[PDB]
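Read-outs throughout are calculated quantities, based only on the coordinates presented, and are distinct from any laboratory measurement. Note that we place each Cβ from the backbone using ideal geometry, even for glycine, and neighbour counts take in every protein chain shown.
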Amino acid sequence: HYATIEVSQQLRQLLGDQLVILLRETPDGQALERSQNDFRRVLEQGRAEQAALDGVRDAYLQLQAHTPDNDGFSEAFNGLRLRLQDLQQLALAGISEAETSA
Amino acid sequence: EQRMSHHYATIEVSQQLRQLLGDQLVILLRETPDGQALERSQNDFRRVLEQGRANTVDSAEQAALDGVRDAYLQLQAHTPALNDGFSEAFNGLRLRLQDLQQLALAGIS
């Protein structure tokens, strides 16, 4: 499980990274590209559940194909998702902490 | 066990909040956002969040949720500013990543 949560969180973060970029006034195409590469990078890696990761790849391929204050919204979204992400990782730590404690 | 169960409830809250944040993205990423469904989602987010802050036991997790509240308010404050293919592909992608992750967590659990 613990492997499948890490690779899951990475992809979700990289997806969020890409939304932050898309939600900006002037989308940094190079960055988006770099981020799209990291995603398929981290994914392909994890791809070696194997169906769900295959399903992710299939779904990512489709997002890619459809990919096109406004900068204020982008930054607030980024702010919010990092905190939610960190909230989960905090709680998740408190558990691996507990598992060990036993 | 019980220490472990408070942590898992905080994970559940964060998952629902991310799902609801996702719901809003899907709406705003459409040719024409539906302001009515948007505000229903915004009202859902703040209900689940406020109940999270009300019932969360672990004190660091409580403080974390206060930060989530501050950032959510900022998110709303910047929304009034603001195909359909991207929005639909996004939706499918995030749902599979979420379900995938929530399986393993329930797995460990």
* **Among A:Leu32, A:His1, B:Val13 - extreme Cα towards positive end, dipole of the protein assembly as shown, charges at beta-carbon** => A:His1
* So how strong a dipole does chain B carry about its Cα centre when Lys and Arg Cβ are +1 and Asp and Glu Cβ are -1, to the nearest 20 debye? -> 80 debye
* **Test item: B:69-79 mean partner chain Cβ contacts at 10 Å** => 5
* To do: For chain A, restrict the atom set to alpha-carbon positions and state the Rg and Dmax in Å.
  => 15.6, 51
* **222 nm mean residue ellipticity, helices alone, for the protein assembly as shown (DSSP H n ≥ 4; -39,500 (n - 2.57); rounded to 500)** => -29500 deg cm²/dmol
* **Average partner coverage of B:4-15, which counts Cβ from other chains inside 10 Å** => 5
* Taking the Cα centre of the protein assembly as shown as origin, work out the dipole magnitude from +1 charges on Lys and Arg Cβ and -1 charges on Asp and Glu Cβ, in debye rounded to 20. => 120 debye
* Structure fact -> Treating every alpha carbon of the protein assembly as shown as one equal point scatterer without solvent, the Debye formula yields log10 I(q)/I(0) values at q = 0.16, 0.19 Å⁻¹ of -1.12, -1.48
* Where does each of B:13-23, A:18-28 land if you order them by average Cβ count within 10 Å, highest first? -> B:13-23, A:18-28
